[PDB]
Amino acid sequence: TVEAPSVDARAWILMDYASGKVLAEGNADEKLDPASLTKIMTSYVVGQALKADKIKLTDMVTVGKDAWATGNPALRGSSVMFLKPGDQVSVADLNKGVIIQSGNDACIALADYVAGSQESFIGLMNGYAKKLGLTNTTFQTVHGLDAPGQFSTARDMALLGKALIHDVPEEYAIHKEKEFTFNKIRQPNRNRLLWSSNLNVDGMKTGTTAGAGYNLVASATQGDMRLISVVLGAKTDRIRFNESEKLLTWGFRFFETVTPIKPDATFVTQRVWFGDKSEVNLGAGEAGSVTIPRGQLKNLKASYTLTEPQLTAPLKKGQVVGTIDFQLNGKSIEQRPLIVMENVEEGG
């Protein structure tokens, strides 16, 4: 119980990447229009298309009139690559335009290429939003132009950040790039913390919300540890960055993340009744990391209970059959599902 810092913003969250532990939070479930932070999910979707080899970096995309000054009034004086209809631009360039420059026209040109239309692309964004448990998130645009019925929260942004990092790492990697050059002009990354001396920050996106102020979703690493911070509705650009750096620095200073039960590791083996095998391996799967105050590892204790007195087949990989309890000094700090690590079908 280290005292959480004061944060000079509307809402915030600080989350450990490996354990999911929420180290600090304020109004983290309050709904706000995510505006430019939407492009985190745009990039998630494009990243999935690339990872699935449905599109390739080298593919040449034809820019449509929906991607233009003239032919889309909604792009009017937003951040833009200055694409024109009939332009041919690589997926790689449009991708960097979304990620590094946050260009709204690039989002549209990519969305059309990936999904056929903005509308079908927004469908994919919301599909993933549901899949990732972003329970307070709905996207209504491919570019995050403020829009009716478009909402997210600090919590959901940190979960989405975590997913981008974990699920499409090649796409995440582009978020630390300080510049890229298109049409022979350098376009800088607006994430000032990429230049921070005091932290290794490698992502991920800035924005504003009408009526709330300046936002940042950031992530940083220090040794084995990665933290994700979200700061929403800071009053100034300076505060937006500073309060983020404060939270990240605080997390690494006072906490450590350890993984007592590795993924794939067997925590305990239990007899099974009526199965094709007489025993089954149980473990934590991906949920075996915990974040604790520094110096506490020596006092960390892992134990288990089973929900039923005896396991009976069939058992499936991932099935929950009890709870793993982590205790610090006799006191329980974390519980996780005890899961089946291997299939055991019914005998016979």
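Numbering starts at 1 and runs along the sequence shown.
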As stated in the PDB record, which stretch has the larger average Cα B-factor, 5-13 or 326-334? 326-334
Higher mean Cα B-factor in the deposited model: 112-120 or 243-251? 112-120
Top Cα B-factor in this entry, restricted to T42, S289, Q319, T305, sits on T305
Among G203, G223, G127, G233, where is the Cα B factor highest in this entry? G223
Using the B-factors in the PDB entry, rank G26's C-alpha atom against the chain and give the third, lowest, middle or highest. middle
Could you look up the Cα B-factor of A52 in the entry and say which third of the chain it sits in: lowest, middle or highest? lowest
Among modelled residues of the same chain, the CA temperature factor third for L83: highest
Split into thirds by Cα B-factor across the chain's modelled residues, where does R76 land: lowest, middle or highest? highest
Quick tally, chain-level thirds of C-alpha B-factors: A35 sits in the middle
